[PDB]
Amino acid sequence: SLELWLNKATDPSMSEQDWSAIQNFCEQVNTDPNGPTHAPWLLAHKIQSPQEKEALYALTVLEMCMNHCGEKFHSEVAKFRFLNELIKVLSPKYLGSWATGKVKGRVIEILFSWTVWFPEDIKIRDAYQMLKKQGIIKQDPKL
């Protein structure tokens, strides 16, 4: 099941991330019909974790699934509702986020990469720009 793999793939007790589980997760996402509509929220929660390793791992899982899953999953992540969850990590408000700067940087990196690899995704473009406008993302990262 999705949960199963995701938790193996994001386990913070692991000195290293179980790469095989990550692959297993993104495959279930195409497999199970719930996958597209449930996986993003499962991911979103872990990315917002106060446990940094759990967050990073998840960011990596997210990164891998966007690249390997099909149009359905892609479609869900490309929606604003989901992007807004990603963006909460970048909250500039006092105690607005318990995410480390490492995590925030990663989110920022992942977002720009998307604006570049998927120019067809409007909400994604608009969000990155919005962040840019709000001063939350000073300047574009690498790739």
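Just count from 1 along the sequence shown to find any residue number.
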Average Cα temperature factor in the PDB entry - higher stretch of 116 to 124, 8 to 16: 8 to 16
Mean C-alpha temperature factor, higher of 33 to 41 and 79 to 87: 33 to 41
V103, C-alpha B-factor rank within chain (lowest, middle or highest third): middle
Position of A55 among the chain's modelled residues by C-alpha B-factor, lowest, middle or highest third: middle
Ranked C-alpha temperature factor of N67 among modelled chain residues, by third: highest
Third of the chain's Cα B-factor distribution that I110 belongs to, per the entry: lowest
Assigned third (lowest, middle, highest) for the C-alpha B factor of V61: lowest
